[PDB]
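First, one chain by itself: the form solved without the ligand, in structure tokens.
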């Protein structure tokens, strides 16, 4: 990833040139440029890069001409745009202030709820690019369907989340069956399955069974990834993470609170109930302490270990005939 990151970001400028070239609509296109530059840039690009890297592990290097690669870059960027769409819109729904410590787009002066359109444009740019760069490829329809299905799964996950945590404190809502379901639909499918699957299609690997196999490994990785973000949000060194966590404040249906609830004597249940999600820090400090007293960081470390054996068993069993390195590169990024 480290090398390839550079040429991935050089390509953006071109993604944009193309998306911004009927002159009556110039102003709108100017706006689109801003929206793209503000919202698609500034993350770590892990998802989009995954498309590119996996495309290289999957194609015999004699089928990686400069146009094959230009498409891999572009489709990686399609993943990033999809993400950008979700985030811009999620920030609005959450009433968030910052994203990656920068002002959320909808919070910029004179944008506001216009960001809903802007988010929709981001989504749309995915399908323009696919047409621009892949309309003639045999995997074209495969990729349209995959991006569409990934949007649907994500949106559904979002609904499930929204129902489950209404900003209305209800911890009967916060069960494990349900936590898992949210992670899977809202983040894992697009974060993990999507980018690999896209590379699979670009490589001619379109079998339903192959995709199902890759899916079984990749959704389980995504479940751990998110559980680890939940853990880190509260317990990560915040300069090593970058994030300074607001989960508890926010009534989030976090892995921490789920385990906590399986592990509460009633005295502990109507304490947690008197504390999950106030601005004031001593009520949030108090929760961190209930978690600490229940050795939740230990439950996690136990979880991280088991999860790691499980992912390697899954890779042993279901990678074939993809090179296991497709999966292992990702495992290394996440269990780091």
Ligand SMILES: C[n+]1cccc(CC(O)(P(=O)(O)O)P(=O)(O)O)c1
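So that the term is clear: the rigid core is the largest set of C-alpha atoms that superpose within 1.5 Å between two forms. Residue numbers count along the first chain shown, from 1.
According to the entry, how many residues of the deposited sequence fall between residue 167 and residue 168 and are not modelled? Options: none, 1 to 3, 4 to 9, 10 or more.
The entry has 1 to 3 unmodelled residues between residue 167 and residue 168.
Pick one of none, 1 to 3, 4 to 9 or 10 or more for the number of deposited-sequence residues not modelled between residue 21 and residue 22.
4 to 9 residues lack coordinates between residue 21 and residue 22.
Comparing average C-alpha B factors as deposited, tell me which of 259 to 267 and 116 to 124 sits higher.
Stretch with the higher mean C-alpha B-factor: 259 to 267.
Select between 285 to 293 and 303 to 311 the stretch whose C-alpha atoms have the higher average B-factor in the entry.
Stretch with the higher mean C-alpha B-factor: 285 to 293.
Between 143, 183, 111, 248, which one tops the list for Cα B-factor in this entry?
Answer for 143, 183, 111, 248: 248, with the highest C-alpha B-factor.
Given 49, 35, 272, 28, the residue at which the Cα B factor reaches its maximum:
Answer, based on the entry's C-alpha B-factors: 272.
Divide the modelled residues of the chain into thirds by Cα B-factor and specify which third, lowest, middle or highest, holds residue 216.
CA B-factor rank for residue 216: lowest third.
Taking the values exactly as deposited, rank residue 195 by C-alpha B-factor within its chain and report the matching third: lowest, middle or highest.
For residue 195, the deposited C-alpha B-factor lands in the lowest third.
Sorting the chain's modelled residues by C-alpha B-factor, tell me whether residue 239 ends up in the lowest, middle or highest third.
Highest third, going by the recorded CA B-factors of the chain.
Quick one: classify residue 59 as lowest, middle or highest third of the chain based on its Cα B-factor.
For residue 59, whose C-alpha B-factor we compare with every modelled residue in the chain, the answer is the highest third.
Lowest, middle or highest third: where is residue 202 by Cα B-factor in its chain?
Middle third - that is where residue 202 ends up once the chain's C-alpha B-factors are sorted.
Below: the form solved in complex with the ligand, not depicted.
Given the pose of the ligand in the bound PDB entry, superimposed onto this structure around the site, is the binding site open or blocked (3 or more ligand atoms closer than 2.4 Å to backbone or C-beta atoms counts as blocked)?
Answer open: no ligand atom comes within 2.4 Å of backbone or C-beta.
Which of 169 to 177, 129 to 137, 259 to 267, 93 to 101 lines the interface with the ligand in the bound PDB entry (heavy atom within 4.5 Å):
Heavy-atom contact with the partner occurs in 93 to 101.
Selected contact from 87, 219, 111, 144, since only one has a non-hydrogen atom within 4.5 angstroms of the ligand in the bound PDB entry
Only one listed residue qualifies here, and that residue is 87.
Could you spot which one of 190, 255, 105, 73 gets a heavy atom to within 4.5 Å of the ligand in the bound PDB entry?
So the residue touching the ligand in the bound PDB entry, by this definition, is 190.
So, residue 158 and the ligand: in the bound PDB entry, are they within 4.5 Å at any heavy atom pair?
Yes, contact at 4.5 Å.
Which of the residues spanning 199 to 231 lie within 4.5 Å of the ligand in the bound PDB entry, based on heavy atoms?
Going through 199 to 231 in order - heavy atoms within 4.5 Å of the ligand in the bound PDB entry - the hits are 226, 229.
Shifts of 2 Å or more at the CA atom, core superposed, between this form and the one not shown: which of the listed residues 159, 117, 241, 175 is the one?
The one that shifts is 241.
Residue 30 C-alpha relocation of at least 2 Å between this form and the one not shown, rigid core basis:
No: residue 30 shifts by under 2 Å between this form and the one not shown.
Superpose on the rigid core, then tell me if the C-alpha of residue 67 is displaced by 2 angstroms or more between this form and the one not shown.
No; residue 67 is a residue whose C-alpha shifts by less than 2 Å between this form and the one not shown when the cores are overlaid.
Core-aligned C-alpha movement of residue 210 between this form and the one not shown, 2 Å or more:
False for residue 210: its C-alpha shift is below 2 Å.
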